[PDB]
Amino acid sequence: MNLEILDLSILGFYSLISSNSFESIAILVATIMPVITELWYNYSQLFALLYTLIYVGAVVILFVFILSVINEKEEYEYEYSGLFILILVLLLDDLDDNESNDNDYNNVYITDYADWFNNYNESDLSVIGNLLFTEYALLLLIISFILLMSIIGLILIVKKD
Amino acid sequence: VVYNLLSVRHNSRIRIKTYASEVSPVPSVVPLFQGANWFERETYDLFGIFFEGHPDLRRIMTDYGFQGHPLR
Amino acid sequence: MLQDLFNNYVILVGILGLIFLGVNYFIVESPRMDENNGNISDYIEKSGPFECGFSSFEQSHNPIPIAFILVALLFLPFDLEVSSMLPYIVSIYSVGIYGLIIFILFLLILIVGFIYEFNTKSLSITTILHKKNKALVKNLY
Amino acid sequence: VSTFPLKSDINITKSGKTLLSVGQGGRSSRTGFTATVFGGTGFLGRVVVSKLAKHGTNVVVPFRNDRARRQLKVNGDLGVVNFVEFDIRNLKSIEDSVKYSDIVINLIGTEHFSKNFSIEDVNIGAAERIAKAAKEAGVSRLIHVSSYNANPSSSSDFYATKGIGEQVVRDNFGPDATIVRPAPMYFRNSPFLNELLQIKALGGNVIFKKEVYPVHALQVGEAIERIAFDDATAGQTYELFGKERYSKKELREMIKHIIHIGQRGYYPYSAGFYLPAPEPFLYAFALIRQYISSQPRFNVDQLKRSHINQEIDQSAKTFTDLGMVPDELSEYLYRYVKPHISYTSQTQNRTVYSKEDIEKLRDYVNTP
Amino acid sequence: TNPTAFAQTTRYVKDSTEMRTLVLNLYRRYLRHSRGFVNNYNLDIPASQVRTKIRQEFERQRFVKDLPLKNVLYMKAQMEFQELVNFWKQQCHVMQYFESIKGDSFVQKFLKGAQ
Amino acid sequence: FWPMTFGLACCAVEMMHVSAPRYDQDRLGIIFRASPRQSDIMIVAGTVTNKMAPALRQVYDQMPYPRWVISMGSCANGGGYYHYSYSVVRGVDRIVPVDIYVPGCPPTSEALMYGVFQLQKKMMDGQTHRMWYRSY
Amino acid sequence: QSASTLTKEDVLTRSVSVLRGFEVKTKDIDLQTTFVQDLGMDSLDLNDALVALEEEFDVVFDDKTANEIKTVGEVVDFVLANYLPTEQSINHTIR
Amino acid sequence: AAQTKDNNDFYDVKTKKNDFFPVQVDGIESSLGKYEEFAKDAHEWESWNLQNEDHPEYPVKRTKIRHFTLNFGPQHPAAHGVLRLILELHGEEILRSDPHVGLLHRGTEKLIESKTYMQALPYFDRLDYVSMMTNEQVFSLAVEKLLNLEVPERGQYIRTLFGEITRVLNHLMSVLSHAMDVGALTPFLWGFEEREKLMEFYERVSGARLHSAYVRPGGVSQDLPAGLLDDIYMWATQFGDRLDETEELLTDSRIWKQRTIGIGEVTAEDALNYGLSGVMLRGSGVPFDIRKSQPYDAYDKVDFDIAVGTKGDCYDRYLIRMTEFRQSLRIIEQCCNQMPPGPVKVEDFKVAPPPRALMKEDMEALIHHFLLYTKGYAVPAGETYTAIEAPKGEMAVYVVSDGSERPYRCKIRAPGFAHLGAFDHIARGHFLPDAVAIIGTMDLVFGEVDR
Ligand SMILES: CCCCCCCCCCCCCCCCCC(=O)OC[C@H](COP(=O)(O)OCCN)OC(=O)CCCCCCCCCCCCCCCCC
Ligand SMILES: NC(=O)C1=CN([C@@H]2O[C@H](COP(=O)(O)OP(=O)(O)OC[C@H]3O[C@@H](n4cnc5c(N)ncnc54)[C@H](OP(=O)(O)O)[C@@H]3O)[C@@H](O)[C@H]2O)C=CC1
Ligand code: SF4
């Protein structure tokens, strides 16, 4: 039983019924956690950890803004929905989870063959840094330039002075 | 109504006595002495003396919505 | 590398957290064994917010001004800069002097942001009151 | 309540004592009476003990729970409230409670049974024992509180034992024993309203169809005060009920709107507000929890009583015989379900349901 | 220093016409804040009942003639208003304020010791 | 034994000296908590006035069970020096149940510790779970 | 959005209904209808009506105007000239 | 002030002044017609709005929202007892402070009129209940002044000796509790053991650790027990190290100075106008002390120095209160070395009780003992305003005598009452943690404030 399917089923239910802004900042965290875990267990543990290191800091800053802008509006308001229309919507959605229509690509299993030629064996992050700091160093230096612009941009927007 | 004043310059003390009734307004010295703000509030709270010109005159010692002026 | 032992530990941590809630739930005497003031739902005098004894305005959903919001926003650009050094940490030897110079250039462009924030005093606290000393002057005649 | 609960400052008990009263009726005053309230730590005892102790009547409160009795001492002045550790299986402790009292009030009664006490032990065995112990101690007035549908020949083990308990109280204490038959009582932390205010009420489609004539608990506590201090009420049976008849389905639905659980079209159905179940499942679950759960849950006999509606005994006396007007649940329903309203807390504007608004809501509930 | 919210400076009014206007303005403020009183103090009655209670207290002092008594009554009515709006009174005090309310015959009082 | 910080008047000075190094209540496991949620003992150390009584009752009601109340000093016991005052409650037991009464004006630190030891003795006699077995 | 949608006929119509729920001498209310003469309101009744007309239209009469108001038409004039919709949150408008 | 059209209790319509020209626009038209031809349907066309929200005079009805209002109520460690400090915050910045008191108002002044002068004395033990003996002294001085009596020489020195022991007892409570509220827990524990040693001297002379009705009109209730001065002198030999160790954790600490430097600044003008006295006045540059201005009870026969600040903030007053620690210890040593022999109470049995041995042999002693405890002593009609340098500041009593054995009126001037009345002026601008520092630097005991 792939229990990640159940997790996304609950998350989709709570995204349809979410009312206030605090629930939305919880839908975000309830989305990154399935992403981080599935990356950890299937494809990339490096990027599972990079997601946690960067998105959490963004989440708390996002949460602190909710405190300064919460404006009483959706606590006392009413929503109608209907339990039957919610579950029927989620049932129809769950029916079609085939993002791709290449049946052979989705059904036939493949393998790779290992070789011993790579005797200098290092992590993916060392190769990523090796290329990023040598061949795509321009991409890194532009990213540094964009980060500098954000620093100036945030000040010229928020600072009253 | 009794006002005890202190002069740190000359190291001297003086007293001012004035009179009042239950309905006769009394001038407030809060504009002159900002330290009289609470003392006038206490005097009103426990006696019921009408301090005209007090920026915020109200109960300071008795319970909220207390009927009566205890020191009479 | 095998992480099957790590998987069992994570499972135990998840179960262990629910044990504290459950054990406290099964151990506490039922309210009828206590003073018997009913279920906690009815006892609104207990479930109300703490305000040191005196009730006040219920301002839960009102907005709260935040004096350090600019510093909080600038945390994100600097957090990304710190996370950008991770590729260099584990590849310092391979990139050699070429990568080291590029690493310095990455940091030198971001140091202009540090100079900018210092000179603009953007990392201060945004007070709404200001204490200024007025001068007393006499328009004599 | 009032300021002085007596028509005079002198009262001669039917046992021969003459009791004078002192003071104007405050905490420092006395009425000269000593009363014993069995079951004073219960829901109704706290109402009764508070009304007796506030006017200076010495109250003996026999307790089995040491924590529950502590709040009773605050009701009276020094020396007014007295505690006796007791058990209905202990005879010396029962006599000690009534040894000095001129009035004995019996509020002991359960709708459940446990490993130690059956419904026959409490609703009959305790009531009979207390009535006899009261008589040997020379108590002038006995007041026994049965249920609203007391009947010695009832299909319900609670209604039957309550009905038999009425008989045994008169057969021991004599014809002068007074009997009270309260309807379901509503108040703060009321057992009647608590099951209606609970969210996850299983099998409400069966349980909540019973119709009743609910009565304010303060009036029932006030009526008992009238009965004890007026000897013309000896040997009488009182049916204390409200003027209006409600079915628990109506009140359950009326409460839902006051709690504003219906603000969402999905939330009540998702949260378990409606939990329909076949009656055999309700029987098995009630039967199973009777030997597994340690706390008194909805038992088998309460399932049977869900079908039996409240029948007012027409030969008994009412509030009007005591010179009192019954309160209306419409004028008190809001303030007693007010603690359970979800957001409230001066968010935008409270919806204070007046007496007129509650009756308007009742029609809307009954509209399909 | 600064005064608290809804604070008025104390002044001795010497004109009955000016006093009458000040009383009517304050009476309107009591009516407008009636819904606020129900919200803050969690009363079990509608705001319509609160406004009725306010009118009764103003009707009690309807026929006070002496000007010095008017100023003291007005000053005390302003203090109470500042107390209610700012939520300085505890909820128990406001609940008991609405708890306020046939006299017995001679014999009835005689039997119970009278007053 | 976690009392709630509720020092009202000169009776609070002696309660602060119980935490002082000479007596050091902390060695007995006694820690003062600011919030009523973390407290199970309420020590009323000082005069209870009419202006304070509703706040005192609200603070008491917010303590989760099991909760005990200690009344310390003549003010809290029966009013004391201010018994005939227009603005004093004549005993804290008119507002909250009291489990033990500590006498003195003020009670000494040892007098308060003795009162705590009496409460701990009564707490060790509790039979809540055997009450369920044998009385219910 | 942040502008009035009031007409003279609606404000008069809502004013009449709110004034009909009081104890007035006549139910025939128009613009020229005075409060003291036609409806018969003393000092306290008039201010009960003004606050009632305040709550209906979510407006607040100033002290100078309220003390000097005579006719029903004056109220309708005041509401039309001074009514503003209440500001909404930063999300109600742009979303 | 007054409900107006654009400003009332519930909302306001705020318009700024127009910086730009009042430009006139007439004849609005589109390419299909004039404005009036489509103005009926222009309500649905956002591009047809003639009112611009950036204009300074754009009408906006804004509800008046209560600012963040916090009850810094009685149940709070910062408040030294029962203080319902109501703060209107902007985040954590204080905008307005409303100290609500009377939670410890017990009607002491009302009750005193019902008591004789001897019976009313213990009431003073319970106003400033860490500086107990100083409170008794100001009442005793006022009654002695009205009685036209004076304490003998040894009695005056005893009141000076325990006047400075009491001052140390107060500053240990004040300085260390203020430090503990800032976050320095350890100095509180060290110095409270010094309080235990000092309260041992309190208990040996009177029999009560705290409420020692020992200073009475005419002298002291009982003489010093044998061996007391040696214990006091032995304590004094070590107390210098205790003060130094406390200063090791606070005085030069950068964290302590960041919490106190520039916090709660008070100008010398505002200190006088608001009636601040003692350390609050002296921290602002004013060198005024009541022990020097109006000397009393052998303070003229000892030597001490007054510390005066220059910046009038919390750090200046901390240094001043630490100097007074050492100046009191200087006085304590002198009193121990200069205590004279002789009677401790006035030699008058119409005011002071006779000895028990004389009471049970002399008829006139037994009459005076009988009359003192059943009627008190009459005080000539008059009034007085007597002030002392209490550890909190200037404490004074305004006593009115009607010629009887009971005081007609007794108004107690509490230094903390005046200090708390300036809190809103001082704490404005500062943040919520700074209110904790300002409260602790005033030395607020609310029994004194409320009484
Ligand atoms: C250690 C476990 C921590 C979580 C345990 C609690 C379980 C509750 C749900 C957790 C997340 C599941 C998906 C929910 C996404 C957010 C949607 C939401 O609004 O929260 C649901 C919660 C329930 O409120 P409810 O009364 O049912 O609905 C409103 C009725 N008007 O409404 C609330 O606002 C309460 C939310 C409390 C704060 C939760 C913060 C999010 C934490 C997520 C960590 C786990 C990541 C998600 C893993 C599950 C994915 C489905
Ligand atoms: N809606 C209602 O509440 C109705 C009430 N009644 C009857 O009124 C009376 C008052 O009950 P109420 O206060 O409302 O709620 P409770 O269930 O709390 O009444 C039970 C009282 O009697 C005591 N009791 C039960 N069994 C025993 C036992 N073996 N030994 C000693 N004491 C026992 C209980 O003591 P303890 O508190 O220590 O557990 C409690 O005080 C009851 O007899 C009830 O049958 C009938 C119709 C309506
Ligand atoms: S009992 Fe005595 S020591 Fe305790 S608070 Fe009252 S006056 Fe102070």
# chains A, B, ... in the order shown; residues from 1 in each chain; ligands from 1
call {"tool": "residues_around", "arguments": {"residues": "residue 53 (chain B)", "least_positions_apart": "3", "cutoff": "6 Å", "atoms": "only C-alpha atoms", "output": "PDB file with N, CA, C and O atoms, in the first residue's frame"}}
result
ATOM      1  N   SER B  28      -8.207  72.791  39.381  1.00  0.00           N
ATOM      2  CA  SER B  28      -7.172  71.775  39.328  1.00  0.00           C
ATOM      3  C   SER B  28      -5.809  72.429  39.155  1.00  0.00           C
ATOM      4  O   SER B  28      -5.641  73.335  38.334  1.00  0.00           O
TER       5      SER B  28
ATOM      6  N   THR E   9     -12.241  66.193  29.797  1.00  0.00           N
ATOM      7  CA  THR E   9     -11.780  67.132  30.807  1.00  0.00           C
ATOM      8  C   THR E   9     -12.956  67.629  31.637  1.00  0.00           C
ATOM      9  O   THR E   9     -14.033  67.917  31.110  1.00  0.00           O
ATOM     10  N   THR E  10     -12.744  67.721  32.946  1.00  0.00           N
ATOM     11  CA  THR E  10     -13.795  68.159  33.850  1.00  0.00           C
ATOM     12  C   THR E  10     -13.998  69.666  33.735  1.00  0.00           C
ATOM     13  O   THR E  10     -13.041  70.439  33.820  1.00  0.00           O
ATOM     14  N   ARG E  11     -15.246  70.083  33.535  1.00  0.00           N
ATOM     15  CA  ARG E  11     -15.589  71.496  33.462  1.00  0.00           C
ATOM     16  C   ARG E  11     -16.911  71.732  34.171  1.00  0.00           C
ATOM     17  O   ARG E  11     -17.848  70.944  34.030  1.00  0.00           O
TER      18      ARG E  11
END
call {"tool": "closest_atom_pairs", "arguments": {"of": "chain C", "to": "ligand 2", "cutoff": "12 Å", "atoms": "only C-alpha atoms and all ligand atoms", "output": "CSV"}}
result
residue,atom,partner,partner_atom_place_in_ligand_line,distance
C:30,CA,ligand 2,39 (O),11.9
C:31,CA,ligand 2,39 (O),10.8
C:32,CA,ligand 2,39 (O),7.0
C:33,CA,ligand 2,39 (O),8.2
C:34,CA,ligand 2,38 (O),9.8
C:35,CA,ligand 2,37 (O),9.0
C:36,CA,ligand 2,37 (O),7.6
C:37,CA,ligand 2,37 (O),10.4
C:38,CA,ligand 2,18 (O),10.3
call {"tool": "closest_residue", "arguments": {"among": "A:76, A:65, A:22, A:113", "to": "ligand 1", "atoms": "only C-alpha atoms and all ligand atoms"}}
result
A:22
call {"tool": "residues_around", "arguments": {"residues": "residue 48 (chain F)", "least_positions_apart": "3", "cutoff": "8 Å", "atoms": "only C-alpha atoms", "output": "short mmCIF file (atom, residue, chain, number, x, y, z; two decimals) with N, CA and C atoms, in the first residue's frame"}}
result
data_model
loop_
_atom_site.label_atom_id
_atom_site.label_comp_id
_atom_site.auth_asym_id
_atom_site.auth_seq_id
_atom_site.Cartn_x
_atom_site.Cartn_y
_atom_site.Cartn_z
N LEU F 8 0.19 38.72 47.24
CA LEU F 8 -0.59 39.95 47.23
C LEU F 8 -0.01 41.04 48.12
N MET F 52 -10.25 42.85 43.79
CA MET F 52 -9.41 41.75 43.33
C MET F 52 -10.13 40.41 43.33
N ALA F 53 -11.22 40.28 44.08
CA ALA F 53 -11.87 38.98 44.25
C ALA F 53 -12.30 38.33 42.93
N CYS F 75 -4.98 38.02 56.79
CA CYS F 75 -5.79 38.64 55.75
C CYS F 75 -6.56 37.60 54.95
N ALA F 76 -5.85 36.59 54.45
CA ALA F 76 -6.49 35.57 53.63
C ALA F 76 -7.37 34.66 54.46
N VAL F 88 -12.39 44.99 51.82
CA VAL F 88 -11.63 43.78 52.10
C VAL F 88 -12.59 42.61 52.22
N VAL F 89 -12.22 41.49 51.60
CA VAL F 89 -12.96 40.24 51.76
C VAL F 89 -12.55 39.60 53.08
N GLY F 91 -11.90 36.87 54.51
CA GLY F 91 -11.52 35.49 54.32
C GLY F 91 -11.61 35.05 52.88
N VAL F 92 -10.52 34.48 52.35
CA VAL F 92 -10.50 34.02 50.97
C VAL F 92 -11.41 32.82 50.74
N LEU H 104 -4.93 46.50 46.12
CA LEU H 104 -4.50 46.31 47.50
C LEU H 104 -4.93 47.48 48.38
#
call {"tool": "closest_residue", "arguments": {"among": "D:12, D:107, D:261, D:358", "to": "ligand 1", "atoms": "only C-alpha atoms and all ligand atoms"}}
result
D:261
call {"tool": "atom_distance", "arguments": {"atom1": "CA of residue 103 (chain F)", "atom2": "CA of residue 204 (chain H)"}}
result
20.7 Å
call {"tool": "select_by_dssp", "arguments": {"residues": "region 15-151 of chain D", "states": "strand (DSSP E)", "output": "list in words"}}
result
residues 18, 19, 20, 34, 35, 36, 37, 38, 58, 59, 60, 61, 62, 63, 81, 82, 83, 84, 85, 103, 104, 105, 106, 141, 142, 143, 144 and 145 of chain D
call {"tool": "write_last_selection", "arguments": {"atoms": "N, CA and C atoms", "output": "short mmCIF file (atom, residue, chain, number, x, y, z; two decimals), in the first residue's frame"}}
result
data_model
loop_
_atom_site.label_atom_id
_atom_site.label_comp_id
_atom_site.auth_asym_id
_atom_site.auth_seq_id
_atom_site.Cartn_x
_atom_site.Cartn_y
_atom_site.Cartn_z
N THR D 18 -38.70 23.55 68.84
CA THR D 18 -39.02 24.92 68.46
C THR D 18 -37.73 25.60 68.02
N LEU D 19 -37.70 26.07 66.78
CA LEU D 19 -36.49 26.61 66.17
C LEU D 19 -36.71 28.08 65.85
N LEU D 20 -35.90 28.94 66.45
CA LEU D 20 -35.96 30.37 66.20
C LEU D 20 -34.92 30.77 65.16
N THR D 34 -31.39 22.34 61.06
CA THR D 34 -30.29 21.48 60.63
C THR D 34 -30.84 20.51 59.59
N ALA D 35 -30.22 20.49 58.42
CA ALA D 35 -30.65 19.64 57.32
C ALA D 35 -29.53 18.71 56.90
N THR D 36 -29.90 17.52 56.43
CA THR D 36 -28.96 16.56 55.87
C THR D 36 -29.35 16.30 54.43
N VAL D 37 -28.42 16.57 53.51
CA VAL D 37 -28.64 16.39 52.08
C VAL D 37 -27.79 15.20 51.65
N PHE D 38 -28.42 14.05 51.46
CA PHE D 38 -27.73 12.90 50.90
C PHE D 38 -27.58 13.11 49.40
N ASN D 58 -27.94 24.93 58.84
CA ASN D 58 -26.82 24.01 58.98
C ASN D 58 -27.07 22.77 58.13
N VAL D 59 -26.12 22.47 57.25
CA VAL D 59 -26.25 21.37 56.29
C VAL D 59 -25.21 20.32 56.61
N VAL D 60 -25.65 19.09 56.80
CA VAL D 60 -24.77 17.94 56.92
C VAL D 60 -24.69 17.27 55.56
N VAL D 61 -23.49 17.22 54.99
CA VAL D 61 -23.32 16.66 53.65
C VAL D 61 -22.51 15.38 53.75
N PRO D 62 -23.14 14.21 53.75
CA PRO D 62 -22.38 12.96 53.70
C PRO D 62 -21.78 12.75 52.32
N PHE D 63 -20.49 12.45 52.28
CA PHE D 63 -19.76 12.35 51.03
C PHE D 63 -19.05 11.01 50.94
N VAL D 81 -21.73 24.37 57.06
CA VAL D 81 -21.64 23.15 56.26
C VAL D 81 -20.76 22.16 57.01
N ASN D 82 -21.25 20.93 57.14
CA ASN D 82 -20.54 19.88 57.85
C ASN D 82 -20.50 18.62 56.99
N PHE D 83 -19.39 17.90 57.06
CA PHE D 83 -19.16 16.74 56.21
C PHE D 83 -19.01 15.49 57.05
N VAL D 84 -19.63 14.40 56.59
CA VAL D 84 -19.53 13.10 57.23
C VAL D 84 -19.15 12.08 56.16
N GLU D 85 -17.99 11.46 56.31
CA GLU D 85 -17.61 10.39 55.40
C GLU D 85 -18.54 9.20 55.61
N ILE D 103 -34.36 18.07 59.02
CA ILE D 103 -34.79 17.79 57.66
C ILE D 103 -33.77 16.86 57.03
N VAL D 104 -34.25 15.82 56.35
CA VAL D 104 -33.39 14.92 55.60
C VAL D 104 -33.84 14.94 54.15
N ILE D 105 -32.92 15.27 53.25
CA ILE D 105 -33.17 15.30 51.82
C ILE D 105 -32.39 14.16 51.18
N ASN D 106 -33.08 13.33 50.41
CA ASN D 106 -32.47 12.17 49.77
C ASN D 106 -32.40 12.44 48.27
N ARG D 141 -39.01 15.94 59.06
CA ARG D 141 -39.37 16.00 57.65
C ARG D 141 -38.40 15.18 56.82
N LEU D 142 -38.94 14.35 55.93
CA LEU D 142 -38.15 13.61 54.96
C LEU D 142 -38.59 14.01 53.56
N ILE D 143 -37.62 14.25 52.69
CA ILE D 143 -37.87 14.62 51.30
C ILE D 143 -37.09 13.64 50.43
N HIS D 144 -37.81 12.92 49.57
CA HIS D 144 -37.21 11.94 48.68
C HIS D 144 -37.47 12.35 47.24
N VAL D 145 -36.42 12.39 46.43
CA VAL D 145 -36.50 12.85 45.05
C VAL D 145 -36.41 11.63 44.14
#
call {"tool": "residues_near_ligand", "arguments": {"ligand": "ligand 3", "cutoff": "6 Å", "atoms": "only C-alpha atoms and all ligand atoms", "output": "ChimeraX atom specification"}}
result
/F:9-11,46-47,73-75,80,105-106 /H:126
call {"tool": "residues_around", "arguments": {"residues": "residue 29 (chain E)", "least_positions_apart": "3", "cutoff": "9 Å", "atoms": "only C-alpha atoms", "output": "number ranges by chain"}}
result
E: 24-26, 32-34, 81; H: 3, 9
call {"tool": "residues_near_ligand", "arguments": {"ligand": "ligand 1", "cutoff": "6 Å", "atoms": "only C-alpha atoms and all ligand atoms", "output": "list in words"}}
result
residues 7, 8, 10, 11, 14, 18, 23, 26, 27, 29, 30 and 33 of chain A
call {"tool": "write_last_selection", "arguments": {"atoms": "N, CA, C and O atoms", "output": "compact mmCIF listing (two decimals), in the first residue's frame"}}
result
# COMPACT_ATOMS: atom_id res chain seq x y z
N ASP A 7 -2.05 10.37 1.87
CA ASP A 7 -1.65 11.69 2.34
C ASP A 7 -2.13 12.78 1.39
O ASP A 7 -2.65 13.81 1.83
N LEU A 8 -1.97 12.56 0.08
CA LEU A 8 -2.42 13.55 -0.89
C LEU A 8 -3.94 13.60 -0.97
O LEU A 8 -4.51 14.64 -1.32
N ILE A 10 -5.94 13.34 1.69
CA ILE A 10 -6.32 14.21 2.80
C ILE A 10 -5.98 15.66 2.47
O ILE A 10 -6.76 16.57 2.78
N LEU A 11 -4.83 15.90 1.86
CA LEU A 11 -4.41 17.26 1.54
C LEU A 11 -5.36 17.91 0.54
O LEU A 11 -5.69 19.09 0.66
N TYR A 14 -8.51 18.99 2.35
CA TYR A 14 -8.36 20.18 3.17
C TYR A 14 -8.10 21.44 2.35
O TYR A 14 -8.31 22.54 2.86
N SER A 18 -10.55 24.72 2.96
CA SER A 18 -9.80 25.73 3.68
C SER A 18 -10.51 27.08 3.58
O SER A 18 -11.00 27.46 2.52
N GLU A 23 -4.89 28.38 7.43
CA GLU A 23 -5.02 27.07 6.81
C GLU A 23 -4.25 26.98 5.50
O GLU A 23 -3.76 25.91 5.14
N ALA A 26 -0.71 26.35 6.10
CA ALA A 26 -0.57 24.95 6.49
C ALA A 26 -0.70 24.00 5.31
O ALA A 26 -0.13 22.90 5.35
N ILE A 27 -1.44 24.39 4.27
CA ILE A 27 -1.47 23.59 3.05
C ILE A 27 -0.10 23.58 2.39
O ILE A 27 0.31 22.59 1.79
N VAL A 29 2.89 23.77 3.99
CA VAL A 29 3.72 22.84 4.75
C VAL A 29 3.23 21.41 4.55
O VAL A 29 4.03 20.47 4.51
N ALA A 30 1.92 21.22 4.43
CA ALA A 30 1.38 19.90 4.16
C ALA A 30 1.67 19.43 2.74
O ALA A 30 1.36 18.28 2.42
N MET A 33 6.10 18.57 2.84
CA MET A 33 6.44 17.34 3.55
C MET A 33 6.27 16.09 2.69
O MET A 33 7.17 15.23 2.70
call {"tool": "interface_residues", "arguments": {"of": "chain E", "to": "chain G", "cutoff": "12 Å", "atoms": "only C-alpha atoms", "output": "list in words"}}
result
residues 17, 18, 20, 21, 22, 23, 24, 25, 26, 27, 28, 29, 30, 31, 32, 33, 34, 35, 47, 48, 51, 52, 54, 55, 56, 57, 58, 59 and 62 of chain E
call {"tool": "write_last_selection", "arguments": {"atoms": "C-alpha atoms", "output": "PDB file, in the first residue's frame"}}
result
ATOM      1  CA  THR E  17     -29.171  75.124  28.238  1.00  0.00           C
ATOM      2  CA  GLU E  18     -25.569  74.072  27.608  1.00  0.00           C
ATOM      3  CA  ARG E  20     -28.982  69.965  28.630  1.00  0.00           C
ATOM      4  CA  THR E  21     -27.150  69.536  25.321  1.00  0.00           C
ATOM      5  CA  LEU E  22     -24.210  67.806  27.014  1.00  0.00           C
ATOM      6  CA  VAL E  23     -26.590  65.366  28.709  1.00  0.00           C
ATOM      7  CA  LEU E  24     -28.348  64.560  25.430  1.00  0.00           C
ATOM      8  CA  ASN E  25     -25.044  63.986  23.620  1.00  0.00           C
ATOM      9  CA  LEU E  26     -23.891  61.578  26.334  1.00  0.00           C
ATOM     10  CA  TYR E  27     -27.232  59.761  26.232  1.00  0.00           C
ATOM     11  CA  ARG E  28     -26.692  59.122  22.517  1.00  0.00           C
ATOM     12  CA  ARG E  29     -23.209  57.735  23.201  1.00  0.00           C
ATOM     13  CA  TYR E  30     -24.670  55.255  25.689  1.00  0.00           C
ATOM     14  CA  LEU E  31     -27.181  54.077  23.072  1.00  0.00           C
ATOM     15  CA  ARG E  32     -24.576  53.751  20.313  1.00  0.00           C
ATOM     16  CA  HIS E  33     -22.193  51.699  22.467  1.00  0.00           C
ATOM     17  CA  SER E  34     -25.016  49.454  23.716  1.00  0.00           C
ATOM     18  CA  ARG E  35     -24.148  46.742  21.190  1.00  0.00           C
ATOM     19  CA  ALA E  47     -28.834  45.271  23.037  1.00  0.00           C
ATOM     20  CA  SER E  48     -32.442  46.484  22.892  1.00  0.00           C
ATOM     21  CA  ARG E  51     -30.811  50.605  25.685  1.00  0.00           C
ATOM     22  CA  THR E  52     -34.014  50.330  27.720  1.00  0.00           C
ATOM     23  CA  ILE E  54     -29.961  53.162  29.900  1.00  0.00           C
ATOM     24  CA  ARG E  55     -33.125  55.209  29.369  1.00  0.00           C
ATOM     25  CA  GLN E  56     -34.446  54.285  32.823  1.00  0.00           C
ATOM     26  CA  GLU E  57     -31.332  55.652  34.523  1.00  0.00           C
ATOM     27  CA  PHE E  58     -31.581  58.869  32.505  1.00  0.00           C
ATOM     28  CA  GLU E  59     -35.300  59.081  33.309  1.00  0.00           C
ATOM     29  CA  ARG E  62     -35.114  63.772  34.514  1.00  0.00           C
TER      30      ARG E  62
END
call {"tool": "interface_residues", "arguments": {"of": "chain H", "to": "chain F", "cutoff": "9 Å", "atoms": "only C-alpha atoms", "output": "PyMOL selection string"}}
result
chain H and resi 74-77+80-82+102-108+110-111+123+126-130+188-190+192-193+195-196+208-211+445-447
call {"tool": "select_by_dssp", "arguments": {"residues": "region 49-289 of chain D", "states": "helix (DSSP H, G or I)", "output": "PyMOL selection string"}}
result
chain D and resi 49-54+70-75+91-98+119-136+157-173+191-197+204-207+217-228+231-233+248-258+261-263+267-271+279-289
call {"tool": "interface_residues", "arguments": {"of": "chain E", "to": "chain C", "cutoff": "12 Å", "atoms": "only C-alpha atoms", "output": "PyMOL selection string"}}
result
chain E and resi 36-37+39-42+84-92
call {"tool": "closest_atom_pairs", "arguments": {"of": "chain D", "to": "chain F", "cutoff": "8 Å", "atoms": "only C-alpha atoms", "output": "tab-separated table"}}
result
residue	atom	partner	partner_atom	distance
D:64	CA	F:135	CA	7.1
D:65	CA	F:131	CA	7.7
D:70	CA	F:97	CA	6.0
D:71	CA	F:97	CA	5.4
D:73	CA	F:97	CA	6.9
D:74	CA	F:94	CA	5.5
D:75	CA	F:94	CA	7.7
D:87	CA	F:135	CA	7.7
D:114	CA	F:136	CA	6.9
D:115	CA	F:136	CA	7.6
D:116	CA	F:136	CA	6.3
D:117	CA	F:136	CA	7.3
